[PDB]
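Next up: just one chain, as structure tokens, the form deposited without the ligand.
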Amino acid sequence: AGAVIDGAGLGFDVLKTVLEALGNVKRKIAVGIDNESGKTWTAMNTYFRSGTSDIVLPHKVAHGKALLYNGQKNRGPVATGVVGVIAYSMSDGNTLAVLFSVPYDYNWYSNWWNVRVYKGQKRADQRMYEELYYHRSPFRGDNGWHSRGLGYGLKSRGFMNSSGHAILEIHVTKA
């Protein structure tokens, strides 16, 4: 599962459509990551701190392609939201990691996201979640764009909306 498209085509409308495919689950997320890194990406794993997906990370995401992925709250009366880390291996032997955090209760919490390059093949897990959420200055899902250099000749530019029906759009480009 998990579709790929031309990166040039990635945008808010495309991700809204992804979002809408999932239906009115109370908390969910549509994730688009645009690979303009100059390298081929290959899926490693997704670490869900909470929530799940019915789909699989697109296995291969070439330079020039964006991946569309999604996540949703666990079924039933569960209020831990959809919080996770996506990990792709890049053809230079390093890892691109993406954090998403979509809480249940917006009267307490907010959406957050982050992006980071790790040296080597590093699977998403709890230590990476904690680093990206608590240590590495994540960006608020505040309906605004945020840019930052990643090192390693790359940078990120991304956008996350503010709500429980979440949209996360990230572009990883050469710096």
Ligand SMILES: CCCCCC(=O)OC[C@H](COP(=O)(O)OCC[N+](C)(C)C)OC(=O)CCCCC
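Each form is matched to the other, and the largest set of C-alpha atoms that superpose within 1.5 Å is called the rigid core. Heads up: residue numbers just count along the shown sequence, starting at 1. Residues that one form lacks are left out of the comparison.
Not pictured, yet referred to below: the form solved in complex with the ligand.
- In the deposited complex, at least one heavy atom of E130 sits within 4.5 Å of a heavy atom of the ligand.
- Using a 4.5 Å cutoff between non-hydrogen atoms, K65 does not count as a contact of the ligand in the deposited complex.
- In the deposited complex, the ligand sits within 4.5 Å of a heavy atom of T80.
- Interface membership of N70, defined by any non-hydrogen atom within 4.5 Å of the ligand in the deposited complex, is ruled out.
- Here is what shifts between the shown form and the other one when you lay the two on the core: just one run of at least 3 residues, every Cα off by 2 Å or more, at 76-80.
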